[PDB]
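This is start-v8.cif. It holds mmCIF, C-alpha atoms.
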data_target
loop_
_atom_site.label_atom_id
_atom_site.label_comp_id
_atom_site.auth_asym_id
_atom_site.auth_seq_id
_atom_site.Cartn_x
_atom_site.Cartn_y
_atom_site.Cartn_z
CA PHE A 176 112.89 73.49 133.42
CA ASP A 177 112.29 69.94 134.63
CA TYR A 178 110.74 69.89 138.09
CA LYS A 179 113.70 67.90 139.41
CA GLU A 180 112.86 68.48 143.06
CA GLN A 181 116.02 66.54 143.93
CA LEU A 182 118.00 69.03 141.80
CA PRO A 183 121.01 69.87 144.01
CA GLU A 184 121.86 73.55 143.65
CA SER A 185 125.41 74.16 142.42
CA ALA A 186 127.41 77.34 142.01
CA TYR A 187 127.72 76.42 138.32
CA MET A 188 124.00 76.99 137.75
CA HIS A 189 124.39 80.67 138.57
CA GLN A 190 127.64 81.02 136.63
CA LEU A 191 126.29 79.37 133.48
CA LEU A 192 122.99 81.27 133.60
CA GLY A 193 124.78 84.61 133.49
CA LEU A 194 126.73 83.46 130.45
CA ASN A 195 123.47 83.21 128.52
CA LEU A 196 122.42 86.56 129.96
CA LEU A 197 125.71 88.15 128.93
CA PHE A 198 125.50 86.51 125.51
CA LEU A 199 121.84 87.44 125.08
CA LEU A 200 122.75 91.12 125.31
CA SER A 201 125.58 90.32 122.91
CA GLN A 202 123.07 89.00 120.36
CA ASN A 203 120.90 92.14 120.81
CA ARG A 204 117.94 90.03 121.93
CA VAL A 205 117.19 92.57 124.62
CA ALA A 206 113.60 91.39 125.02
CA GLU A 207 114.98 87.91 125.65
CA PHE A 208 117.57 89.42 128.00
CA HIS A 209 114.89 90.68 130.38
CA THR A 210 112.99 87.43 129.83
CA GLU A 211 115.81 85.55 131.53
CA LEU A 212 116.16 88.25 134.19
CA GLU A 213 112.56 87.73 135.31
CA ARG A 214 113.20 83.97 135.31
CA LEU A 215 115.61 84.33 138.27
CA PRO A 216 114.02 86.89 140.61
CA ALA A 217 115.39 85.04 143.64
CA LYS A 218 118.90 85.00 142.16
CA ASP A 219 119.38 88.66 141.23
CA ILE A 220 117.80 90.36 144.28
CA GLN A 221 121.04 91.51 145.93
CA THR A 222 123.16 88.34 146.19
CA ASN A 223 124.49 86.15 143.37
CA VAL A 224 127.43 88.36 142.45
CA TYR A 225 128.08 85.90 139.61
CA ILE A 226 125.20 87.30 137.54
CA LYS A 227 125.41 90.84 138.94
CA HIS A 228 127.90 91.99 136.31
CA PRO A 229 125.64 91.50 133.25
CA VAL A 230 122.71 93.36 134.82
CA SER A 231 125.01 96.26 135.67
CA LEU A 232 126.18 96.12 132.06
CA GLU A 233 122.58 96.05 130.83
CA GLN A 234 121.66 99.03 132.99
CA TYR A 235 124.75 100.74 131.62
CA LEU A 236 123.58 99.74 128.13
CA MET A 237 120.16 101.34 128.53
CA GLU A 238 122.07 104.16 130.21
CA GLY A 239 125.33 105.36 128.68
CA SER A 240 127.33 102.15 128.38
CA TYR A 241 129.30 103.98 125.69
CA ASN A 242 131.05 105.87 128.47
CA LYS A 243 130.54 102.98 130.91
CA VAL A 244 131.88 100.47 128.37
CA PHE A 245 135.15 100.21 130.31
CA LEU A 246 133.60 101.10 133.68
CA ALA A 247 131.80 97.77 133.95
CA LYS A 248 134.88 96.01 132.58
CA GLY A 249 136.84 97.56 135.45
CA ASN A 250 134.02 97.12 137.96
CA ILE A 251 135.01 93.45 138.28
CA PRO A 252 137.76 92.06 136.01
CA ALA A 253 136.35 88.52 136.14
CA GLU A 254 133.38 86.60 137.54
CA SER A 255 134.32 83.23 136.03
CA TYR A 256 133.43 85.01 132.75
CA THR A 257 136.95 85.74 131.53
CA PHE A 258 135.98 84.78 128.00
CA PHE A 259 132.30 85.56 128.62
CA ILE A 260 132.97 89.29 128.93
CA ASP A 261 135.18 89.09 125.84
CA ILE A 262 132.29 88.47 123.43
CA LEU A 263 130.44 91.52 124.73
CA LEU A 264 133.55 93.69 124.56
CA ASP A 265 134.40 92.80 120.96
CA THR A 266 130.71 93.34 120.15
CA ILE A 267 130.96 97.10 120.54
CA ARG A 268 127.66 98.87 120.01
CA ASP A 269 127.60 101.44 117.21
CA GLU A 270 124.13 103.02 117.34
CA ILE A 271 125.86 106.42 117.60
CA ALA A 272 125.89 106.43 113.78
CA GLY A 273 122.93 108.83 113.81
CA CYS A 274 125.21 111.83 114.44
CA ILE A 275 127.85 114.02 112.76
CA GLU A 276 131.62 113.55 112.94
CA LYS A 277 134.64 113.23 110.61
CA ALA A 278 135.67 116.89 110.32
CA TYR A 279 132.30 117.90 111.81
CA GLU A 280 132.92 116.50 115.30
CA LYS A 281 136.13 114.55 114.56
CA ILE A 282 135.82 112.42 117.73
CA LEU A 283 133.48 109.94 119.39
CA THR A 300 141.49 105.78 112.13
CA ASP A 301 140.62 102.12 111.62
CA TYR A 302 137.10 103.03 112.73
CA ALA A 303 137.29 105.87 110.20
CA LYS A 304 138.53 103.35 107.61
CA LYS A 305 136.22 100.36 108.15
CA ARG A 306 134.17 99.77 105.00
CA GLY A 307 135.87 102.91 103.75
CA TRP A 308 134.90 104.56 107.04
CA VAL A 309 132.81 103.92 110.15
CA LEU A 310 130.67 100.87 109.29
CA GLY A 311 130.18 101.70 105.60
CA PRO A 312 126.76 103.32 105.14
CA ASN A 313 126.13 106.97 104.32
CA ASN A 314 129.02 109.23 103.27
CA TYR A 315 131.66 111.36 104.98
CA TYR A 316 129.74 112.42 108.07
CA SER A 317 130.87 116.02 107.57
CA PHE A 318 128.81 115.98 104.35
CA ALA A 319 126.35 113.23 105.30
CA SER A 320 123.18 115.02 106.44
CA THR A 328 103.57 118.07 99.01
CA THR A 329 101.45 116.18 96.48
CA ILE A 330 97.65 115.87 96.39
CA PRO A 331 97.40 113.91 93.10
CA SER A 332 99.29 111.01 94.65
CA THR A 333 96.86 111.30 97.55
CA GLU A 334 94.08 111.37 94.97
CA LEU A 335 94.25 107.66 94.15
CA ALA A 336 94.36 106.57 97.79
CA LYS A 337 91.54 108.87 98.88
CA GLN A 338 89.28 107.79 96.02
CA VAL A 339 89.12 104.21 97.28
CA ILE A 340 88.44 105.37 100.84
CA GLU A 341 85.49 107.50 99.76
CA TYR A 342 83.85 104.65 97.86
CA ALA A 343 84.12 102.41 100.91
CA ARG A 344 81.92 104.85 102.81
CA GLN A 345 79.46 104.68 99.92
CA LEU A 346 79.81 100.90 99.73
CA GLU A 347 78.41 100.70 103.25
CA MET A 348 75.37 102.76 102.31
CA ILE A 349 74.41 100.11 99.74
CA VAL A 350 72.73 97.74 102.20
CA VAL B 156 43.93 112.01 79.57
CA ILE B 157 43.38 110.60 76.07
CA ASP B 158 40.59 108.06 75.65
CA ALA B 159 38.87 106.04 72.94
CA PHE B 160 35.11 105.63 72.53
CA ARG B 161 32.83 103.72 70.18
CA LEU B 162 29.06 103.84 69.80
CA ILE B 163 26.53 101.02 70.08
CA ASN B 164 23.43 100.85 67.91
CA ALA B 165 20.03 100.73 69.59
CA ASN B 166 18.81 97.80 67.46
CA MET B 167 20.74 94.95 69.12
CA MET B 168 20.31 96.18 72.71
CA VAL B 169 18.20 93.06 73.24
CA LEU B 170 21.41 91.16 72.50
CA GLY B 171 24.37 91.46 74.82
CA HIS B 172 26.27 94.74 74.60
CA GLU B 173 29.86 93.47 74.31
CA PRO B 174 30.14 89.66 74.26
CA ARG B 175 33.14 88.99 76.50
CA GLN B 176 35.31 85.89 76.19
CA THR B 177 38.35 86.74 78.30
CA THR B 178 38.52 87.47 82.01
CA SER B 179 41.95 89.10 82.20
CA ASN B 180 41.41 91.69 79.46
CA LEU B 181 37.82 92.39 80.49
CA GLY B 182 38.96 93.08 84.05
CA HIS B 183 41.77 95.28 82.79
CA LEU B 184 39.22 97.17 80.69
CA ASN B 185 36.99 97.62 83.74
CA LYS B 186 39.94 98.79 85.86
CA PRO B 187 39.67 102.26 84.26
CA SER B 188 35.95 101.80 84.98
CA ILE B 189 33.81 104.78 83.85
CA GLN B 190 34.13 108.50 84.57
CA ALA B 191 31.46 110.53 86.36
CA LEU B 192 30.58 112.44 83.20
CA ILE B 193 31.12 109.15 81.37
CA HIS B 194 28.20 107.58 83.21
CA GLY B 195 26.38 110.87 82.70
CA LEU B 196 26.62 110.02 79.00
CA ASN B 197 27.91 106.43 78.96
CA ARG B 198 24.93 105.17 76.98
CA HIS B 199 25.12 104.51 73.24
CA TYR B 200 28.84 104.08 73.93
CA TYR B 201 31.37 101.53 75.11
CA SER B 202 34.99 102.49 75.66
CA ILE B 203 37.60 100.31 73.97
CA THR B 204 40.94 99.34 75.45
CA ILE B 205 43.90 101.46 74.35
CA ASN B 206 47.59 100.77 74.61
CA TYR B 207 50.84 102.30 73.46
CA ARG B 208 52.15 100.45 70.43
CA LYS B 209 55.34 98.49 71.01
CA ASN B 210 58.29 100.87 70.91
CA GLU B 211 61.95 99.83 70.83
CA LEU B 212 63.88 101.96 68.33
CA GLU B 213 61.85 105.01 69.33
CA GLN B 214 62.11 103.95 72.97
CA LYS B 215 65.89 103.57 72.73
CA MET B 216 66.28 106.88 70.91
CA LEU B 217 64.24 108.65 73.57
CA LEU B 218 66.22 106.98 76.35
CA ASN B 219 69.41 108.28 74.76
CA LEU B 220 67.67 111.66 74.46
CA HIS B 221 67.00 111.92 78.19
CA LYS B 222 70.54 111.37 79.42
CA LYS B 223 72.01 114.18 77.34
CA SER B 224 68.98 116.38 76.62
CA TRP B 225 65.96 115.92 78.91
CA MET B 226 68.16 115.97 82.02
CA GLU B 227 71.70 116.95 82.89
CA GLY B 228 73.81 114.09 81.55
CA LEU B 229 76.15 115.78 79.11
CA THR B 230 78.81 113.64 80.77
CA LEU B 231 81.55 116.02 79.61
CA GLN B 232 80.44 119.08 81.56
CA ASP B 233 78.63 116.84 84.06
CA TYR B 234 81.26 117.68 86.68
CA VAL B 244 78.92 126.58 93.41
CA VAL B 245 79.82 122.90 93.65
CA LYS B 246 82.52 124.27 95.96
CA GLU B 247 81.16 127.82 96.36
CA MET B 248 77.67 127.40 97.84
CA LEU B 249 78.25 123.91 99.26
CA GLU B 250 79.63 125.47 102.44
CA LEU B 251 76.42 127.44 102.87
CA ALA B 252 74.08 124.54 102.09
CA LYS B 253 75.88 122.38 104.62
CA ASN B 254 75.70 125.23 107.13
CA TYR B 255 71.93 125.44 106.75
CA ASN B 256 71.45 121.71 107.07
CA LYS B 257 73.79 121.42 110.06
CA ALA B 258 71.89 124.14 111.87
CA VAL B 259 68.55 122.55 110.97
CA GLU B 260 69.62 119.11 112.17
CA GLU B 261 71.01 120.61 115.37
CA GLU B 262 67.63 122.22 115.97
CA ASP B 263 65.66 119.09 115.07
CA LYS B 264 67.78 117.16 117.56
CA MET B 265 65.70 118.67 120.38
CA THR B 266 62.59 116.66 119.51
CA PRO B 267 64.30 113.25 119.83
CA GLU B 268 65.80 114.51 123.08
CA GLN B 269 62.36 115.16 124.55
CA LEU B 270 60.97 111.95 123.06
CA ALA B 271 63.66 109.94 124.84
CA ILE B 272 63.14 112.03 127.98
CA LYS B 273 59.49 110.98 128.10
CA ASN B 274 58.79 107.78 130.02
CA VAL B 275 56.75 104.80 128.80
CA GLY B 276 53.42 106.62 128.92
CA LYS B 277 51.61 103.79 127.15
CA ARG B 282 58.82 113.99 115.92
CA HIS B 283 62.13 112.17 116.13
CA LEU B 284 62.09 110.80 112.59
CA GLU B 285 63.84 113.60 110.71
CA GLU B 286 66.28 111.83 108.33
CA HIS B 287 68.01 114.91 106.85
CA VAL B 288 71.12 112.72 106.73
CA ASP B 289 70.81 110.98 103.36
CA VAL B 290 70.89 114.40 101.70
CA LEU B 291 74.09 115.43 103.47
CA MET B 292 75.61 112.00 102.88
CA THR B 293 75.04 112.11 99.14
CA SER B 294 75.89 115.78 98.63
CA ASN B 295 79.18 115.88 100.48
CA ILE B 296 80.29 112.41 99.41
CA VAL B 297 79.86 113.53 95.80
CA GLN B 298 81.74 116.74 96.55
CA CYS B 299 84.60 114.75 98.08
CA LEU B 300 84.60 112.35 95.13
CA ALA B 301 85.03 115.36 92.86
CA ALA B 302 88.65 115.09 93.98
CA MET B 303 88.91 112.25 91.45
CA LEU B 304 88.24 114.69 88.62
CA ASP B 305 90.29 117.38 90.34
CA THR B 306 93.54 115.48 90.71
CA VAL B 307 93.63 112.78 88.02
CA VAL B 308 91.09 113.18 85.22
CA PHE B 309 92.73 116.54 84.48
CA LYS B 310 96.48 117.09 84.50
#
Could you rewrite the structure in this file as structure tokens?
Amino acid sequence: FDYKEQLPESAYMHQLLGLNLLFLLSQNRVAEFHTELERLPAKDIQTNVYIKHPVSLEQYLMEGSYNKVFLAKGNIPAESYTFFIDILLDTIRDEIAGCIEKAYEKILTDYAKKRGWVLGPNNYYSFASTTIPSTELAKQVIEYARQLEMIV
Amino acid sequence: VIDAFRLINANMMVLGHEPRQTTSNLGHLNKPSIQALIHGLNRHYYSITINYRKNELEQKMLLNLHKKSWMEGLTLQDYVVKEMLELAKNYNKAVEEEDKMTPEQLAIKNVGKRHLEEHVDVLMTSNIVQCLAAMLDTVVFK
């Protein structure tokens, strides 16, 4: 952030920056993820292969990373991020929970056992998944407000 | 229309008619003044101020009488109200739509050296009361 006009560019700067970017996606701060992306418009462009892997991963995340989970891993085994990619990998997304499986789709053990099964919430996915008077109280207040204006 | 009169003898007419010693009450007495026929026969007479006797218990009893008896305030049957309301609002909507022409022309006219129609307080009150009737409908009962 410091002006640091004398700042001598080093290949580390690009490598370290991507580590935040890769981590940021890991900590599901997606808004922050793009925030950093727009901070380095001159870096991403088409060069800076160092940080190119996370963006591809992010695109795959907004797209079907679930299928592309191992595609990006195989796209480049390492970019000085041998451990860096590890955090993301172990942080497998699980938003697919809003579906049916477990003798209803059966595919997507330990996963089927975690917290009893999947992540824990709901039940066995195969078996997982009006009133005016209540409106009366709420409406009553609203109507008076209109009258309250006609006071003065 | 009630009134009170009292006669004056013709012996003391040399003396003042009604010796007055209070401006406020004399002026209030004159405020009714004298009626045409009264002047036609005002002589040998002098009207005397009348007023309703103080009234509290009777006043309070009457006031209680009005709410429940002299006007619709039974307060238990106090609340067509959904049958004819549609038609009344239809009439008034059509009438206001028609009346909207006159303000249109009025605005159309230039400086040149019947827009006032109201008709909106009535709708306001009527339909706001009808909507409020939901309070009785949904809670006061059941």
Could you list, as number ranges by chain, the residues of chain B having an atom within 12 Å of chain A when counting all atoms listed in the file? B: 288-289, 292-310
Check the smallest atom-to-atom distance from each of B:194, B:209, B:161, B:287 to residue 253 of chain B using all atoms listed in the file, then report the winner. B:287
So what does the PyMOL selection byres ((chain A and resi 268-277) around 10) actually pick up in this one, as a VMD selection string? chain A and resid 201 203 236 240 to 241 244 263 to 267 278 to 283 303 308 to 310 312 to 313 315 to 320
Given the selection you just returned, output its residues as a file containing C-alpha atoms, formatted as a CSV table (one decimal), in the coordinates of the input.
chain,number,residue,atom,x,y,z
A,201,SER,CA,125.6,90.3,122.9
A,203,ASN,CA,120.9,92.1,120.8
A,236,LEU,CA,123.6,99.7,128.1
A,240,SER,CA,127.3,102.2,128.4
A,241,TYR,CA,129.3,104.0,125.7
A,244,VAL,CA,131.9,100.5,128.4
A,263,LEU,CA,130.4,91.5,124.7
A,264,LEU,CA,133.6,93.7,124.6
A,265,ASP,CA,134.4,92.8,121.0
A,266,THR,CA,130.7,93.3,120.2
A,267,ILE,CA,131.0,97.1,120.5
A,278,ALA,CA,135.7,116.9,110.3
A,279,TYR,CA,132.3,117.9,111.8
A,280,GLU,CA,132.9,116.5,115.3
A,281,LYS,CA,136.1,114.6,114.6
A,282,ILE,CA,135.8,112.4,117.7
A,283,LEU,CA,133.5,109.9,119.4
A,303,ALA,CA,137.3,105.9,110.2
A,308,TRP,CA,134.9,104.6,107.0
A,309,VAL,CA,132.8,103.9,110.2
A,310,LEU,CA,130.7,100.9,109.3
A,312,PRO,CA,126.8,103.3,105.1
A,313,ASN,CA,126.1,107.0,104.3
A,315,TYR,CA,131.7,111.4,105.0
A,316,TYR,CA,129.7,112.4,108.1
A,317,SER,CA,130.9,116.0,107.6
A,318,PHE,CA,128.8,116.0,104.4
A,319,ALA,CA,126.4,113.2,105.3
A,320,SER,CA,123.2,115.0,106.4
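The gap separating atom CA of residue 253 of chain A from atom CA of residue 194 of chain A is 12.3 Å, in Å to one decimal.
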Please compute the atom CA of residue 206 of chain B-atom CA of residue 224 of chain B distance, one decimal, in Å. 26.6 Å
Which residues, named as in the file, does the PyMOL selection byres ((chain A and resi 207-213) around 10) pick out? Answer as a VMD selection string. chain A and resid 192 to 193 195 to 206 214 to 219 226 229 to 230 233
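Here the question is which of A:245, A:258, A:187, A:176 gets nearest to residue 223 of chain A using only C-alpha atoms, and that residue is A:187.
Distances from B:177, B:232, B:204, B:254 to residue 291 of chain B were compared using all atoms listed in the file, and the smallest one belongs to B:254.
Pairwise distance (atom CA of residue 349 of chain A, atom CA of residue 290 of chain B) equals 14.8 Å.
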Closest of B:258, B:220, B:203, B:163 to residue 185 of chain B - atom-to-atom distances counting all atoms listed in the file: B:203
Residues matched by the PyMOL selection byres ((chain B and resi 285) around 12), written as a PDB file with C-alpha atoms, in the frame of the given file:
ATOM      1  CA  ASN B 256      71.450 121.710 107.070  1.00  0.00           C
ATOM      2  CA  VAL B 259      68.550 122.550 110.970  1.00  0.00           C
ATOM      3  CA  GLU B 260      69.620 119.110 112.170  1.00  0.00           C
ATOM      4  CA  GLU B 261      71.010 120.610 115.370  1.00  0.00           C
ATOM      5  CA  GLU B 262      67.630 122.220 115.970  1.00  0.00           C
ATOM      6  CA  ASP B 263      65.660 119.090 115.070  1.00  0.00           C
ATOM      7  CA  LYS B 264      67.780 117.160 117.560  1.00  0.00           C
ATOM      8  CA  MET B 265      65.700 118.670 120.380  1.00  0.00           C
ATOM      9  CA  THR B 266      62.590 116.660 119.510  1.00  0.00           C
ATOM     10  CA  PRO B 267      64.300 113.250 119.830  1.00  0.00           C
ATOM     11  CA  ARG B 282      58.820 113.990 115.920  1.00  0.00           C
ATOM     12  CA  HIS B 283      62.130 112.170 116.130  1.00  0.00           C
ATOM     13  CA  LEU B 284      62.090 110.800 112.590  1.00  0.00           C
ATOM     14  CA  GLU B 286      66.280 111.830 108.330  1.00  0.00           C
ATOM     15  CA  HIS B 287      68.010 114.910 106.850  1.00  0.00           C
ATOM     16  CA  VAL B 288      71.120 112.720 106.730  1.00  0.00           C
ATOM     17  CA  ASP B 289      70.810 110.980 103.360  1.00  0.00           C
ATOM     18  CA  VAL B 290      70.890 114.400 101.700  1.00  0.00           C
TER      19      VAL B 290
END
Missing atoms in segment 173-202 of chain B need filling: write out N, CA and C atoms for it as a CSV table (one decimal), keeping the file's coordinate frame.
chain,number,residue,atom,x,y,z
B,173,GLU,N,28.5,93.8,74.8
B,173,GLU,CA,29.9,93.5,74.3
B,173,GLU,C,30.2,92.0,74.7
B,174,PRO,N,29.9,91.1,73.9
B,174,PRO,CA,30.1,89.7,74.3
B,174,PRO,C,31.6,89.4,74.7
B,175,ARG,N,31.8,89.1,75.9
B,175,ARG,CA,33.1,89.0,76.5
B,175,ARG,C,33.5,87.5,76.6
B,176,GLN,N,34.8,87.2,76.2
B,176,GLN,CA,35.3,85.9,76.2
B,176,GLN,C,36.7,85.9,76.7
B,177,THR,N,37.0,86.7,77.7
B,177,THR,CA,38.4,86.7,78.3
B,177,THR,C,38.3,87.5,79.6
B,178,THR,N,38.6,86.8,80.7
B,178,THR,CA,38.5,87.5,82.0
B,178,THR,C,39.6,88.5,82.2
B,179,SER,N,40.9,88.2,81.9
B,179,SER,CA,42.0,89.1,82.2
B,179,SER,C,41.8,90.5,81.5
B,180,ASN,N,41.5,90.4,80.2
B,180,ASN,CA,41.4,91.7,79.5
B,180,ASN,C,40.1,92.4,79.8
B,181,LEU,N,39.0,91.7,80.1
B,181,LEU,CA,37.8,92.4,80.5
B,181,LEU,C,38.0,93.1,81.8
B,182,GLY,N,38.7,92.4,82.8
B,182,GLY,CA,39.0,93.1,84.0
B,182,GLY,C,39.9,94.3,83.9
B,183,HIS,N,40.9,94.1,83.0
B,183,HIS,CA,41.8,95.3,82.8
B,183,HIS,C,41.0,96.4,82.2
B,184,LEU,N,40.1,96.1,81.3
B,184,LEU,CA,39.2,97.2,80.7
B,184,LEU,C,38.4,97.8,81.8
B,185,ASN,N,37.8,97.1,82.7
B,185,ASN,CA,37.0,97.6,83.7
B,185,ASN,C,37.8,98.4,84.7
B,186,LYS,N,39.1,98.1,84.9
B,186,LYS,CA,39.9,98.8,85.9
B,186,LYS,C,39.9,100.3,85.7
B,187,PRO,N,40.0,100.8,84.5
B,187,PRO,CA,39.7,102.3,84.3
B,187,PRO,C,38.2,102.6,84.7
B,188,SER,N,37.3,101.6,84.5
B,188,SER,CA,36.0,101.8,85.0
B,188,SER,C,35.3,102.9,84.1
B,189,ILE,N,34.5,103.8,84.6
B,189,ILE,CA,33.8,104.8,83.8
B,189,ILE,C,33.8,106.1,84.6
B,190,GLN,N,34.0,107.2,83.9
B,190,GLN,CA,34.1,108.5,84.6
B,190,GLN,C,32.7,109.1,84.9
B,191,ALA,N,32.7,109.9,85.9
B,191,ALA,CA,31.5,110.5,86.4
B,191,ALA,C,30.7,111.0,85.2
B,192,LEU,N,31.2,112.0,84.4
B,192,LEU,CA,30.6,112.4,83.2
B,192,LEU,C,30.4,111.3,82.2
B,193,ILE,N,31.3,110.3,82.3
B,193,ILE,CA,31.1,109.2,81.4
B,193,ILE,C,29.8,108.4,81.6
B,194,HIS,N,29.5,108.1,82.9
B,194,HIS,CA,28.2,107.6,83.2
B,194,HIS,C,27.1,108.6,82.8
B,195,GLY,N,27.3,109.9,83.1
B,195,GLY,CA,26.4,110.9,82.7
B,195,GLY,C,26.0,110.8,81.2
B,196,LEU,N,26.9,110.2,80.4
B,196,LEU,CA,26.6,110.0,79.0
B,196,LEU,C,27.2,108.7,78.5
B,197,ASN,N,27.3,107.7,79.4
B,197,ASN,CA,27.9,106.4,79.0
B,197,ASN,C,27.1,105.7,77.9
B,198,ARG,N,25.8,106.0,77.8
B,198,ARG,CA,24.9,105.2,77.0
B,198,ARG,C,25.3,105.4,75.5
B,199,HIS,N,24.8,104.5,74.7
B,199,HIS,CA,25.1,104.5,73.2
B,199,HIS,C,26.6,104.5,73.0
B,200,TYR,N,27.4,104.1,74.0
B,200,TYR,CA,28.8,104.1,73.9
B,200,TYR,C,29.4,102.9,74.7
B,201,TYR,N,30.6,102.5,74.3
B,201,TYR,CA,31.4,101.5,75.1
B,201,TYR,C,32.8,101.7,74.8
B,202,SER,N,33.6,102.2,75.8
B,202,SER,CA,35.0,102.5,75.7
B,202,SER,C,35.7,101.2,75.3
